[PDB]
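Worksheet: one structure, shown below.
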Amino acid sequence: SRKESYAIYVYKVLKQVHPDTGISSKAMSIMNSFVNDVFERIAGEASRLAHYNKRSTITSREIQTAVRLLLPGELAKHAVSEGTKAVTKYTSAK
Amino acid sequence: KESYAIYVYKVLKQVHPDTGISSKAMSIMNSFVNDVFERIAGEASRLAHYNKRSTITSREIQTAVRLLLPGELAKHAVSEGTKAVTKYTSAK
Amino acid sequence: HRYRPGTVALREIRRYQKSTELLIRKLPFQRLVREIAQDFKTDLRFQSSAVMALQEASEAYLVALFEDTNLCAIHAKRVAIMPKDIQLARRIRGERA
Amino acid sequence: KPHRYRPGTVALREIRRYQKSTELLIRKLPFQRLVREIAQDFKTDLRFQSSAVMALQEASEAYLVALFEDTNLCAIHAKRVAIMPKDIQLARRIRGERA
Amino acid sequence: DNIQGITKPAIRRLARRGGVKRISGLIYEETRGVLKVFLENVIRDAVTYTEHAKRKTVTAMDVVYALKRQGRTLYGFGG
Amino acid sequence: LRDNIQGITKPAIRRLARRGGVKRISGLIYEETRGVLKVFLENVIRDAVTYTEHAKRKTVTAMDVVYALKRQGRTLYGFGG
Amino acid sequence: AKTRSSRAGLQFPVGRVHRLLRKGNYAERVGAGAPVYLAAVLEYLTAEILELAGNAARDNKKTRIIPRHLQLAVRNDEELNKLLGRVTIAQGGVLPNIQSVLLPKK
Amino acid sequence: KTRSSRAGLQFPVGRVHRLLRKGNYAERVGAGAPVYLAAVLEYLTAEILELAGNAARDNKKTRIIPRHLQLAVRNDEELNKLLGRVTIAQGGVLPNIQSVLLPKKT
DNA sequence: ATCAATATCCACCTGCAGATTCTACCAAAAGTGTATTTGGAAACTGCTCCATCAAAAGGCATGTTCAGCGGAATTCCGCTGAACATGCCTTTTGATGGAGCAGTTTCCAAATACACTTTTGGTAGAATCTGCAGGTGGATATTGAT
DNA sequence: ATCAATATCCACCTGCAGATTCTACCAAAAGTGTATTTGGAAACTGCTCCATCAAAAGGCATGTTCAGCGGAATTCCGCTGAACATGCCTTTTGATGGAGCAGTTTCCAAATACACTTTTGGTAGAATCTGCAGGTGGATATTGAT
């Protein structure tokens, strides 16, 4: 039985970008491997940051520095934007 | 700030009774212990998750040691580890 | 008719850099995998997907080592990679240090 | 009549000498300004614990000395004895630093 | 032999994908020896993961986890 | 602060090639080396200083540098790690 | 305070990312915005590769993205290539590329 | 009795067990874990100290310094691998000149 | 080979900075001792999917031929290493003042902890559909020969 | 420059392995609401140590001269890989029992959680202890000129 995967949310995103393009299974498998990988690297660094600073909590602040530390210049620029935006919109909504 | 210095010293004295260690060296020994400590626990940590186990036991520790250390070092490390666990298991 | 040496090679290069199929035959490979593992633990069974991953990894590894090797041969003003070229590459990669 | 060592003799003396010691080989102060210059012109108003400046120098020299060994190997591969930029470059390329 | 089962044509096919035009004669034997060390390193690790899980079957994840700590992360077969 | 890279003198860069076992040195090496050291320092200091900021500190500590180095796979023993 | 992903305006599971952050043993506690921020970062990066891979596929008279198309999108992008600098994409092959000195003298 | 004595060890078992918790590696830690890990840590520092100790003797020294540590690690195949990506501050390099660089013939 | 200029080796000697030796204090830490909770081993078991196999299938092993690669021998130019004079700026020793790291205490916005409630993503079994991979063909670019 | 031999490109075709679509079951999710707990920011602030200014001096960087030798260019040529046609043996493919990999259930040794009590390793700091760096000289190699 039971095996989660980012496969559907990947597919949803694939449609806001290439509404008429589709993806093969082996490919989806790679995108899933891609998300889990980034997830871990970002989480891990967040983890370390907190520990270095003697903190029990991983916040978006930690997630942010982690992205800074993890991603290449321009890619990290957008990543921060996207991220700050999602937290803003979220907070400003019951 | 805790160290490992008195223990490194104790062990130093066991192998080389008449030798000392400069503080800069004691310092490198401290980084060494903390390093291997993290490496092993990390390996231990992931081993647990890959296996949906919420507990790190001497058994994960031993696999992590096998995963991390080179051939001969590992054999001896694994031996000292089992040996200690067994003895601690028979004592209070 | 006859093609000059190198001509068919570049043809072969252009062709293989276009494709992604594996270049080692599955059976001989699987045999090598099981053999090597038999020295680590007797009586082992391999998921077909596990052998597949090992092969996908192995080839991707060699294909890259051959790139760096080509770069070492070229560095020495040659066009044919040699054992020393692999040797120098693995050494700079730390696979020997 | 003046005595004069042939080219390469002193060079080997230096290799034997430096490979025997362990003191940092770049001037303390000059290295510190370079650090502050780089740090500052990437975020201003920064201060440095003397030991933070020493760790960067310890890491930097250990990095470069190892880089020179790889470079030396690449030169020898090309049957030369004097290292060139192209050797340093082949080394960093393979090391996956520029690729 | 098994390691001899990894043949010249195949080893040459690989070199090609890597941009190699001319191939010396002693490469093939060198190539294998390297492939051998590669697999011995990765499998050993993968097989350690198999035992920790108390299984008799090396799984694709067992390989993926080994490859990752070898620094050879692979996408497509799990995790 | 300016042109401090030129403080990594030819004599010093030469001393380093020596410990590295290098016998003869071509003329363009000194600038090639300065450029390389420069990138090395930019990479370790950026990360180092990212750690400083995250800690809302104004002083780059040895641990900041030690963590940046560990991040870059260049782990250093001797300064708190 | 709603379906969290919808609130943050995201396609990724803000609730699942949060669940995984905890089950992951990264810290004793996990703030409320961290999973939102992190899910936003994943989704963006996901769009980025799919965006480039789509182009990769179209540019081959193909409508469905396969591994090769993911590999081409990645290694042809300076930054992605960097991020996945130590990653192997199964069935991705390599970029066409012949060392100049090896081409027949024109 | 300290768990170190019960385990027959010099390294502080409690301290380790404790550091395992604060480090967040899993929801729980067996008591056997810190015992084993302190044994392995202690064995490792003994091995490097045995070899550093000899290096100092070989250099007519009584107090071990970083260079000795470096010599012991770089001269030992396995310690060298275990520490293949570690830089021991103030340790130098091992003496070593390539053959082709030495003068004369034979 | 023999000689002479020089750097190397090294055992002795001693200053001094760094290492070792406690006296007294202590908080946190490691240990002792119930009480309560539960992770995961141990055993039974269904059902995937892995090992084995025979037969349709498609490389690869083999020997000839020679094109061109690579290492050897040679040569001349100019760049780099040694040696040297000179004087700059790093190193060293010290002390000053203050920014800022880091400890201590106060206290609320946010996070943990259930537990009731609603929703969803993953799985299974079935039928329908479609991007495209091999296949064909004939035009044409490329390569090698004369 | 001129064929002749091939390899490559591309427009069209289509059968099917794999992608898409529909429908219903359901436990693990994820959201909701309540009650309690607490991490860590804020504000007051001790005190560590960073920036910095001063000052004296020799260890090093700089810049020059000059000649040796390293490396690039070039000609040779021995021999080794690349291309190719010849012929069969090993890999591939679709097919069939059965071994373990998982799904499910049990219950027990062992892991929290909590309340005390005792052992300990940091440490602020005055005080004597000691391995050896750095200076010395003088007997032993190592170079390089002849």
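Each chain of the structure tokens is named A, B, ... in the order shown, its residues numbered from 1; ligands are numbered from 1 in display order.
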Residues of chain B within 6 Å of chain H, counting only C-alpha atoms, as number ranges by chain:
B: 7, 15, 19-22, 25, 45, 54-58, 70, 77, 81, 84-85, 87-88, 91
Can you tell me, as a short mmCIF file (atom, residue, chain, number, x, y, z; two decimals) with C-alpha atoms, in the first residue's frame, which residues in chain H count as helix (DSSP H, G or I) by DSSP?
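selection.cif, written as the output of this step:
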```
data_model
loop_
_atom_site.label_atom_id
_atom_site.label_comp_id
_atom_site.auth_asym_id
_atom_site.auth_seq_id
_atom_site.Cartn_x
_atom_site.Cartn_y
_atom_site.Cartn_z
CA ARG H 3 27.33 4.81 32.95
CA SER H 4 30.86 5.21 31.58
CA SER H 5 32.27 2.91 34.28
CA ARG H 6 29.35 0.53 33.90
CA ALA H 7 30.30 0.47 30.20
CA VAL H 13 28.49 8.35 28.19
CA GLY H 14 25.88 10.63 29.79
CA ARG H 15 27.15 13.70 27.95
CA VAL H 16 26.85 11.86 24.67
CA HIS H 17 23.39 10.50 25.37
CA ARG H 18 22.46 14.06 26.21
CA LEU H 19 24.02 15.57 23.12
CA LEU H 20 22.12 13.03 21.08
CA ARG H 21 18.85 14.40 22.39
CA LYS H 22 19.52 18.07 21.95
CA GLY H 32 22.63 1.42 24.21
CA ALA H 33 23.19 4.12 21.61
CA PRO H 34 25.27 6.61 23.59
CA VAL H 35 27.28 3.74 25.04
CA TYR H 36 28.23 2.51 21.60
CA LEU H 37 28.84 5.95 20.15
CA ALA H 38 31.07 6.92 23.08
CA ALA H 39 33.01 3.70 22.60
CA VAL H 40 33.51 4.43 18.91
CA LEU H 41 34.47 8.05 19.65
CA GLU H 42 36.95 6.99 22.30
CA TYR H 43 38.47 4.29 20.07
CA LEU H 44 38.97 6.84 17.34
CA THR H 45 40.66 9.44 19.48
CA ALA H 46 42.93 6.68 20.84
CA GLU H 47 44.04 5.61 17.34
CA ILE H 48 44.87 9.15 16.21
CA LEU H 49 46.63 9.86 19.55
CA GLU H 50 48.65 6.67 19.27
CA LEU H 51 49.86 7.84 15.84
CA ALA H 52 50.36 11.52 16.80
CA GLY H 53 52.21 10.41 19.82
CA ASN H 54 54.67 8.49 17.60
CA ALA H 55 55.03 11.41 15.22
CA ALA H 56 56.12 13.60 18.12
CA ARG H 57 58.61 11.02 19.24
CA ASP H 58 59.98 10.77 15.70
CA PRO H 66 48.92 20.08 15.14
CA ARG H 67 51.63 19.12 12.68
CA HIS H 68 52.03 15.77 14.48
CA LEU H 69 48.28 15.22 14.19
CA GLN H 70 48.54 16.10 10.50
CA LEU H 71 51.48 13.66 9.96
CA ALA H 72 49.64 10.86 11.73
CA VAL H 73 46.48 11.41 9.71
CA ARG H 74 48.10 11.89 6.34
CA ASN H 75 50.34 8.92 6.77
CA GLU H 77 45.52 5.26 4.81
CA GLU H 78 42.21 5.15 6.68
CA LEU H 79 42.44 8.14 8.98
CA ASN H 80 43.43 9.97 5.87
CA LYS H 81 40.29 8.85 4.09
CA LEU H 82 38.04 9.48 7.11
CA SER H 99 60.47 12.27 -9.08
CA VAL H 100 60.67 14.13 -12.41
CA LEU H 101 61.64 17.24 -10.45
#
```
If we count only C-alpha atoms (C1' of nucleotides), what is near residue 38 in chain A at a cut-off of 9 Å, once residues fewer than 4 positions away on the same chain are taken out, given as JSON, numbers by chain?
{"A": [33, 34, 42, 43], "G": [42, 45]}
Determine, counting only C-alpha atoms (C1' of nucleotides), which protein, DNA and RNA residues have an atom within 8 Å of an atom of range 8-11 of chain F; residues of the same chain fewer than 3 positions away are not included. Present the result as an MDAnalysis selection string.
(chainID D and resid 26:27 30:31) or (chainID F and resid 4:5 14:15 30 34) or (chainID J and resid 61)
Nearby residues (only C-alpha atoms (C1' of nucleotides)) at most 10 Å from residue 66 in chain B, same-chain spacing under 4 positions excluded, as a VMD selection string
(chain B and resid 40 60 to 62 70 to 71 73 to 75 77 to 78) or (chain E and resid 45 48)
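Counting only C-alpha atoms (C1' of nucleotides), residue 18 in chain E has the following residues at most 6 Å away, ignoring those fewer than 4 positions along the same chain: residues 63, 66 and 67 of chain C.
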Please write the residues from the selection above to a file, keeping C-alpha atoms, as a JSON list (two decimals), in the first residue's frame.
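Writing done, so here's again_35.json:
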```json
[["chain", "number", "residue", "atom", "x", "y", "z"],
["C", 63, "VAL", "CA", 30.63, 9.04, -19.42],
["C", 66, "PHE", "CA", 35.69, 10.03, -20.05],
["C", 67, "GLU", "CA", 34.98, 13.75, -20.53]]
```
Just want the 12 Å neighbourhood of residue 102 in chain J, counted on only C-alpha atoms (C1' of nucleotides), with same-chain residues fewer than 2 positions away dropped. Output as a ChimeraX atom specification.
/A:1-2 /E:55 /I:45-48 /J:100,104
For the residues in the current selection, export N, CA and C atoms (P, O5', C5', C4', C3', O3' and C1' of nucleotides) as a CSV table (one decimal), in the first residue's frame.
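Output saved as out.csv:
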```
chain,number,residue,atom,x,y,z
A,1,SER,N,0.7,-1.2,0.0
A,1,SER,CA,0.0,0.0,0.0
A,1,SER,C,0.9,1.4,0.0
A,2,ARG,N,0.1,2.4,0.5
A,2,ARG,CA,0.2,3.9,0.6
A,2,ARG,C,1.5,4.6,0.4
E,55,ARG,N,16.5,-7.4,5.2
E,55,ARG,CA,15.9,-7.9,4.0
E,55,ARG,C,17.0,-8.7,3.2
I,45,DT,P,-0.8,-18.3,8.9
I,45,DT,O5',-0.5,-16.9,8.2
I,45,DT,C5',-1.4,-15.8,8.3
I,45,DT,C4',-1.5,-15.1,7.0
I,45,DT,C3',-1.6,-16.1,5.8
I,45,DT,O3',-2.4,-15.5,4.8
I,45,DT,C1',0.3,-14.7,5.6
I,46,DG,P,-2.9,-16.5,3.6
I,46,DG,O5',-3.4,-15.4,2.5
I,46,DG,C5',-3.9,-14.2,2.9
I,46,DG,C4',-3.4,-13.0,2.0
I,46,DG,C3',-3.5,-13.2,0.5
I,46,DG,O3',-3.8,-12.0,0.0
I,46,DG,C1',-1.3,-12.9,1.1
I,47,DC,P,-4.2,-11.9,-1.6
I,47,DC,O5',-2.8,-11.4,-2.3
I,47,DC,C5',-2.3,-10.1,-2.0
I,47,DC,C4',-1.0,-10.0,-2.8
I,47,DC,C3',-1.2,-10.5,-4.2
I,47,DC,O3',-0.4,-9.7,-5.1
I,47,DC,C1',0.5,-11.7,-3.2
I,48,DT,P,-1.0,-8.8,-6.2
I,48,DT,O5',-0.2,-7.4,-6.0
I,48,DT,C5',0.9,-7.2,-6.8
I,48,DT,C4',2.1,-7.1,-6.0
I,48,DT,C3',3.4,-7.0,-6.9
I,48,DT,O3',4.3,-6.2,-6.3
I,48,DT,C1',3.5,-9.0,-5.6
J,100,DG,P,14.2,-16.1,-0.2
J,100,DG,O5',14.4,-14.6,-0.1
J,100,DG,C5',13.6,-13.9,0.9
J,100,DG,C4',12.7,-12.9,0.2
J,100,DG,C3',12.2,-11.9,1.2
J,100,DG,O3',12.1,-10.5,0.7
J,100,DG,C1',10.4,-12.9,0.3
J,104,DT,P,-3.3,-3.6,6.1
J,104,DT,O5',-3.0,-4.6,7.3
J,104,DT,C5',-3.3,-6.0,7.1
J,104,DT,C4',-3.4,-6.7,8.4
J,104,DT,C3',-3.9,-5.8,9.6
J,104,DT,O3',-4.8,-6.6,10.4
J,104,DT,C1',-1.9,-6.9,10.1
```
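Distance annotation: of F:20, F:78, F:7, F:73, the residue with the minimal separation from chain I is F:7; atom set is only C-alpha atoms (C1' of nucleotides).
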Within 9 Å of chain H, which residues of chain J show up when using only C-alpha atoms (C1' of nucleotides), listed as a count of residues only?
5
Chain G near chain J within 9 Å: what's each residue's closest atom pair and its distance in Å to one decimal, counting only C-alpha atoms (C1' of nucleotides), ordered by chain then ascending residue number, as JSON lines?
```
{"residue": "G:2", "atom": "CA", "partner": "J:31", "partner_atom": "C1'", "distance": 7.4}
{"residue": "G:3", "atom": "CA", "partner": "J:31", "partner_atom": "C1'", "distance": 6.9}
{"residue": "G:4", "atom": "CA", "partner": "J:31", "partner_atom": "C1'", "distance": 8.6}
{"residue": "G:15", "atom": "CA", "partner": "J:30", "partner_atom": "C1'", "distance": 6.5}
{"residue": "G:16", "atom": "CA", "partner": "J:30", "partner_atom": "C1'", "distance": 8.3}
```
Sorted by chain and rising residue number, which residues of chain G lie within 12 Å of chain D, and what are their closest atom pairs and distances in Å to one decimal, counting only C-alpha atoms, as a Markdown table?
```
| residue | atom | partner | partner_atom | distance |
| --- | --- | --- | --- | --- |
| G:75 | CA | D:99 | CA | 11.7 |
| G:78 | CA | D:98 | CA | 11.3 |
| G:81 | CA | D:99 | CA | 10.9 |
| G:82 | CA | D:98 | CA | 10.1 |
| G:85 | CA | D:96 | CA | 8.7 |
| G:86 | CA | D:96 | CA | 9.5 |
```
Write down, as an mmCIF file with C-alpha atoms, in the first residue's frame, each residue of chain A that has any atom within 12 Å of an atom of chain E, counting only C-alpha atoms.
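Result file is selection_3.cif:
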```cif
data_model
loop_
_atom_site.group_PDB
_atom_site.id
_atom_site.type_symbol
_atom_site.label_atom_id
_atom_site.label_comp_id
_atom_site.auth_asym_id
_atom_site.auth_seq_id
_atom_site.Cartn_x
_atom_site.Cartn_y
_atom_site.Cartn_z
ATOM 1 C CA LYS A 3 2.850 6.084 -1.109
ATOM 2 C CA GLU A 4 2.606 9.978 -1.153
ATOM 3 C CA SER A 5 4.345 12.016 -3.868
ATOM 4 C CA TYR A 6 4.413 15.565 -5.249
ATOM 5 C CA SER A 24 5.975 11.160 -18.970
ATOM 6 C CA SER A 25 6.038 8.946 -15.883
ATOM 7 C CA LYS A 26 9.778 8.602 -15.712
ATOM 8 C CA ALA A 27 9.880 12.359 -15.917
ATOM 9 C CA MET A 28 7.395 12.897 -13.115
ATOM 10 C CA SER A 29 9.521 10.545 -11.073
ATOM 11 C CA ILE A 30 12.449 12.894 -11.635
ATOM 12 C CA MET A 31 10.424 15.957 -10.631
ATOM 13 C CA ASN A 32 9.327 14.136 -7.498
ATOM 14 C CA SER A 33 12.970 13.276 -6.773
ATOM 15 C CA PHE A 34 13.716 16.914 -7.474
ATOM 16 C CA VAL A 35 11.252 18.291 -4.934
ATOM 17 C CA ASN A 36 12.241 15.887 -2.148
ATOM 18 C CA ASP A 37 15.874 16.709 -2.777
ATOM 19 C CA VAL A 38 15.380 20.490 -2.537
ATOM 20 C CA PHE A 39 13.041 19.970 0.382
ATOM 21 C CA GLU A 40 15.763 18.082 2.329
#
```
Distance of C1' of residue 120 in chain J from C1' of residue 24 in chain I, expressed in Å to one decimal place
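Rounded to one decimal, the two atoms are 14.3 Å apart.
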Contacts from chain D to chain C, 12 Å maximum, only C-alpha atoms: show me the residue list as a PDB file with N, CA and C atoms, in the first residue's frame.
```pdb
ATOM      1  N   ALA D  66      46.969  23.013  -1.971  1.00  0.00           N
ATOM      2  CA  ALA D  66      46.470  21.783  -2.543  1.00  0.00           C
ATOM      3  C   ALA D  66      46.192  22.011  -3.972  1.00  0.00           C
ATOM      4  N   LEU D  67      45.728  23.205  -4.310  1.00  0.00           N
ATOM      5  CA  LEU D  67      45.476  23.527  -5.705  1.00  0.00           C
ATOM      6  C   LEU D  67      46.792  23.461  -6.488  1.00  0.00           C
ATOM      7  N   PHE D  68      47.872  24.024  -5.934  1.00  0.00           N
ATOM      8  CA  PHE D  68      49.187  23.983  -6.585  1.00  0.00           C
ATOM      9  C   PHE D  68      49.709  22.540  -6.813  1.00  0.00           C
ATOM     10  N   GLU D  69      49.408  21.613  -5.905  1.00  0.00           N
ATOM     11  CA  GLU D  69      49.829  20.229  -6.115  1.00  0.00           C
ATOM     12  C   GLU D  69      49.145  19.690  -7.380  1.00  0.00           C
ATOM     13  N   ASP D  70      47.818  19.856  -7.478  1.00  0.00           N
ATOM     14  CA  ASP D  70      47.044  19.399  -8.639  1.00  0.00           C
ATOM     15  C   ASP D  70      47.585  20.064  -9.902  1.00  0.00           C
ATOM     16  N   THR D  71      47.853  21.355  -9.804  1.00  0.00           N
ATOM     17  CA  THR D  71      48.407  22.117 -10.917  1.00  0.00           C
ATOM     18  C   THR D  71      49.738  21.520 -11.342  1.00  0.00           C
ATOM     19  N   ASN D  72      50.570  21.188 -10.355  1.00  0.00           N
ATOM     20  CA  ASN D  72      51.892  20.635 -10.606  1.00  0.00           C
ATOM     21  C   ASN D  72      51.733  19.304 -11.332  1.00  0.00           C
ATOM     22  N   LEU D  73      50.731  18.525 -10.939  1.00  0.00           N
ATOM     23  CA  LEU D  73      50.487  17.271 -11.621  1.00  0.00           C
ATOM     24  C   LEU D  73      50.086  17.518 -13.061  1.00  0.00           C
ATOM     25  N   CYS D  74      49.164  18.443 -13.292  1.00  0.00           N
ATOM     26  CA  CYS D  74      48.742  18.748 -14.658  1.00  0.00           C
ATOM     27  C   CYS D  74      49.898  19.219 -15.563  1.00  0.00           C
ATOM     28  N   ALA D  75      50.839  19.971 -15.008  1.00  0.00           N
ATOM     29  CA  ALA D  75      51.996  20.421 -15.763  1.00  0.00           C
ATOM     30  C   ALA D  75      52.856  19.211 -16.165  1.00  0.00           C
ATOM     31  N   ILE D  76      53.130  18.350 -15.190  1.00  0.00           N
ATOM     32  CA  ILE D  76      53.945  17.182 -15.408  1.00  0.00           C
ATOM     33  C   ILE D  76      53.321  16.270 -16.466  1.00  0.00           C
ATOM     34  N   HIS D  77      51.996  16.186 -16.453  1.00  0.00           N
ATOM     35  CA  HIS D  77      51.240  15.391 -17.408  1.00  0.00           C
ATOM     36  C   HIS D  77      51.596  15.861 -18.806  1.00  0.00           C
ATOM     37  N   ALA D  78      51.687  17.178 -18.962  1.00  0.00           N
ATOM     38  CA  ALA D  78      52.020  17.814 -20.231  1.00  0.00           C
ATOM     39  C   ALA D  78      53.539  17.857 -20.437  1.00  0.00           C
ATOM     40  N   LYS D  79      54.246  17.027 -19.675  1.00  0.00           N
ATOM     41  CA  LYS D  79      55.686  16.934 -19.770  1.00  0.00           C
ATOM     42  C   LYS D  79      56.418  18.263 -19.643  1.00  0.00           C
ATOM     43  N   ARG D  80      55.929  19.141 -18.782  1.00  0.00           N
ATOM     44  CA  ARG D  80      56.586  20.417 -18.525  1.00  0.00           C
ATOM     45  C   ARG D  80      56.967  20.448 -17.030  1.00  0.00           C
ATOM     46  N   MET D  84      51.525  26.467 -15.447  1.00  0.00           N
ATOM     47  CA  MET D  84      50.927  27.574 -16.195  1.00  0.00           C
ATOM     48  C   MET D  84      49.489  27.803 -15.821  1.00  0.00           C
ATOM     49  N   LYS D  86      46.999  27.618 -17.566  1.00  0.00           N
ATOM     50  CA  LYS D  86      46.236  26.541 -18.178  1.00  0.00           C
ATOM     51  C   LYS D  86      46.247  25.274 -17.331  1.00  0.00           C
ATOM     52  N   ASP D  87      47.238  25.105 -16.456  1.00  0.00           N
ATOM     53  CA  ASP D  87      47.312  23.925 -15.585  1.00  0.00           C
ATOM     54  C   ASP D  87      46.376  24.131 -14.409  1.00  0.00           C
ATOM     55  N   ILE D  88      46.422  25.335 -13.839  1.00  0.00           N
ATOM     56  CA  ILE D  88      45.567  25.685 -12.706  1.00  0.00           C
ATOM     57  C   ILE D  88      44.121  25.523 -13.134  1.00  0.00           C
ATOM     58  N   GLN D  89      43.875  25.891 -14.394  1.00  0.00           N
ATOM     59  CA  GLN D  89      42.548  25.845 -14.992  1.00  0.00           C
ATOM     60  C   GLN D  89      42.060  24.454 -15.268  1.00  0.00           C
ATOM     61  N   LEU D  90      42.952  23.568 -15.699  1.00  0.00           N
ATOM     62  CA  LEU D  90      42.530  22.211 -15.994  1.00  0.00           C
ATOM     63  C   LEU D  90      42.186  21.620 -14.663  1.00  0.00           C
ATOM     64  N   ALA D  91      43.023  21.900 -13.667  1.00  0.00           N
ATOM     65  CA  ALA D  91      42.746  21.355 -12.337  1.00  0.00           C
ATOM     66  C   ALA D  91      41.407  21.820 -11.773  1.00  0.00           C
ATOM     67  N   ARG D  92      41.084  23.100 -11.866  1.00  0.00           N
ATOM     68  CA  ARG D  92      39.825  23.529 -11.300  1.00  0.00           C
ATOM     69  C   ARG D  92      38.688  23.021 -12.112  1.00  0.00           C
ATOM     70  N   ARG D  93      38.906  22.819 -13.406  1.00  0.00           N
ATOM     71  CA  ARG D  93      37.822  22.296 -14.210  1.00  0.00           C
ATOM     72  C   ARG D  93      37.504  20.888 -13.735  1.00  0.00           C
ATOM     73  N   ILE D  94      38.499  20.025 -13.657  1.00  0.00           N
ATOM     74  CA  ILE D  94      38.180  18.682 -13.248  1.00  0.00           C
ATOM     75  C   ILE D  94      37.643  18.603 -11.827  1.00  0.00           C
ATOM     76  N   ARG D  95      38.183  19.432 -10.938  1.00  0.00           N
ATOM     77  CA  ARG D  95      37.761  19.456  -9.536  1.00  0.00           C
ATOM     78  C   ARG D  95      36.288  19.831  -9.443  1.00  0.00           C
ATOM     79  N   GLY D  96      35.734  20.309 -10.561  1.00  0.00           N
ATOM     80  CA  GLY D  96      34.337  20.709 -10.616  1.00  0.00           C
ATOM     81  C   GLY D  96      34.155  22.046  -9.950  1.00  0.00           C
ATOM     82  N   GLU D  97      35.104  22.938 -10.158  1.00  0.00           N
ATOM     83  CA  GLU D  97      35.026  24.255  -9.576  1.00  0.00           C
ATOM     84  C   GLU D  97      34.591  25.258 -10.651  1.00  0.00           C
ATOM     85  N   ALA D  99      34.281  23.789 -14.216  1.00  0.00           N
ATOM     86  CA  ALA D  99      33.748  22.785 -15.134  1.00  0.00           C
ATOM     87  C   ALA D  99      33.369  23.281 -16.537  1.00  0.00           C
TER      88      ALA D  99
END
```
What does the distance from CA of residue 12 in chain G to CA of residue 47 in chain G come to in Å, to one decimal?
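Between these atoms lies a distance of 11.1 Å.
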Please compute the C1' of residue 129 in chain J-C1' of residue 20 in chain I distance, one decimal, in Å.
6.3 Å
Give the residues of chain B that lie within 7 Å of chain F; count only C-alpha atoms, and format the answer as a list in words.
residues 24, 27, 28, 31 and 32 of chain B
Can those selected residues be exported to a file as an mmCIF file, in the first residue's frame so that it contains C-alpha atoms?
```
data_model
loop_
_atom_site.group_PDB
_atom_site.id
_atom_site.type_symbol
_atom_site.label_atom_id
_atom_site.label_comp_id
_atom_site.auth_asym_id
_atom_site.auth_seq_id
_atom_site.Cartn_x
_atom_site.Cartn_y
_atom_site.Cartn_z
ATOM 1 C CA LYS B 24 46.053 24.123 19.729
ATOM 2 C CA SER B 27 41.540 22.060 20.058
ATOM 3 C CA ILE B 28 41.921 20.090 16.818
ATOM 4 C CA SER B 31 36.870 19.387 16.487
ATOM 5 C CA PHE B 32 37.739 15.863 15.510
#
```
